[PDB]
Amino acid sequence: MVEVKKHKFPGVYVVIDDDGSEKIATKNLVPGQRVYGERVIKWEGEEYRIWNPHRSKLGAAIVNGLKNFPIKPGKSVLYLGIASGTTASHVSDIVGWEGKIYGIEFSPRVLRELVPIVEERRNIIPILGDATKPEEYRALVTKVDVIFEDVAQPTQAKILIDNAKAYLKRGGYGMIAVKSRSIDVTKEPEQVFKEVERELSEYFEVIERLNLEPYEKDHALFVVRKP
């Protein structure tokens, strides 16, 4: 009994199947292309990719009732920590052919998997780089609407600010998935999130904060806006 329907956010689709459960999904921008062994269902001559919240943080955030979702069609996003492109393949679906995605990734063997995908998904520019040194990829990107960060780095906070005060369009959005134990393995999660939010308020206008449980332990997706 597969059935698809629109979702609050443009590009995102809701879908309930056989098991009666409801799931998230997106419109496959490159029909026939699979990125991470995702589940795909044809609605009506069109292909939808089931956005698995267990494989994507952004996914879990949406599933957990995320309020603000800056990533809309035609938007330009600077994705720090693009890795293999699992969750970035969905923002591709969303952002669509008018949207642009500058993906940065430090680990080459990881960034390598995404390269073949961007051939047909010329939506994303896979860039090998280090989010702590934004200059080293200054010639490869342009000011973006949204910055999406998901890096295993203690410096996480400044990274978003550094990259924002260099590539984020003023009055632009920023989404960072923060892992408490990445910043301070000793401190308490709630103690940490309180500081990451403070530090972020010194430059941004923290517009939301959502926990990723039960999908992620001690993780929090923040969304902010550039003054």
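One-based numbering along the sequence shown.
Problem set entry | Stretch with the higher entry mean CA B-factor, where the candidates are 35-43 and 54-62 | Averaged over C-alpha atoms, the B-factors run higher in 35-43.
Problem set entry | Higher-B stretch (mean Cα B-factor, as the entry records it), 209-217 or 15-23 | Per the deposited B-factors, the answer is 15-23.
For this session: Would you please rank residue 160 by its C-alpha temperature factor against the other modelled residues of its chain and give the third it falls in: lowest, middle or highest?
Result: Middle third - that is where residue 160 ends up once the chain's C-alpha B-factors are sorted.
For this session: Consider only the C-alpha atoms of the modelled residues in this chain, order them by B-factor as the entry records it, and name the third containing residue 30: lowest, middle or highest.
Result: Bottom third by C-alpha B-factor.
Exercise. Considering only modelled residues of the same chain, in which third does the CA B-factor of residue 168 rank: lowest, middle or highest?
Worked result: Middle third by C-alpha B-factor.
Exercise. Based on the entry's values, in what third of the chain does the Cα temperature factor of residue 175 lie: lowest, middle or highest?
Worked result: CA B-factor rank for residue 175: middle third.
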